[PDB]
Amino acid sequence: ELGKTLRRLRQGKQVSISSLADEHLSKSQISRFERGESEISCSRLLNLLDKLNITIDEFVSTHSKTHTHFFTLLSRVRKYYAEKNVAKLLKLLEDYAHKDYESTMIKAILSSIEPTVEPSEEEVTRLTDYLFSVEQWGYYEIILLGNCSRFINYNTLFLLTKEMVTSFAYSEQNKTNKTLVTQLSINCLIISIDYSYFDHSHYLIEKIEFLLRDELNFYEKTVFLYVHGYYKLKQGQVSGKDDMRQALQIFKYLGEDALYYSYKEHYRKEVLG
């Protein structure tokens, strides 16, 4: 089924079939694998792709755009959330009743725009119980934590955030997980400033600064500049209110009007009057 695109990618690079032949796989099956009559070992497909310099990720995201079962769900909720359509939002709560963590997440997203339906305390505990179980956090766990984090009580939200920071999936070619973890640890830093868990705030500031080192995450760095400056404002440092004002000018200079008006409205509401 994947043989076509292996044929289409290899013909597009104008390389022979027997270019890719080696000790690990004959030129034999390569002919029928590209014609859907045989299926190869996965290590040997990865070797074929290696000789073509094609990421396995590009391969399976250029063959189809029918994503993983998880990304179909997120596609479809962001689908209806941007459309504010509640009817079709509860549509997918019926398809995902047999999936616990997924169904807890829909209720969490739904109550942004419709407060009546909310996740049970028991469903959210079943979710955090699972998140506490996971030894290595991936995109799945990060999205689940981020989208339900306004129904997790603060103390367990921090403990889950700490576990996510310390045991998440790492690589220098795909920083999307690292970027998400950075945003999620800023989101729980701002809660720790409001409820003044300043020990948590200090811990998160050192983790956030480490996650932003050697990265072009300017958006995360700009909201961090504002939020860390708001912290230094409450910690007796006048530099902090300059950091908040510099962050507003970054939103202003970049035309990000939605972020500017939402952050300057909070600026003078907890600075002026």
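Residue positions are given as counts along the sequence shown, with the first one as 1.
If you average the C-alpha B-factors over 104-112 and over 185-193, the higher value belongs to 104-112. For the pair 242-250 and 23-31, the mean Cα B-factor is higher in 23-31. Listed residues 144, 124, 165, 89 were ranked by CA B-factor as deposited; 89 comes out on top. Highest CA B-factor among 207, 228, 213, 67, as stated in the entry: 67.
Looking at the C-alpha B-factors along this chain, the one for residue 257 belongs to the middle third. In this PDB entry, the Cα temperature factor of residue 73 sits in the middle third of its chain's modelled residues. When all modelled residues of the chain are sorted by CA temperature factor, residue 160 is found within the lowest third. For residue 129, the recorded CA temperature factor ranks within the lowest third of the chain's modelled residues.
Residue 44: CA B factor lies in the middle third for its chain, per the PDB record.
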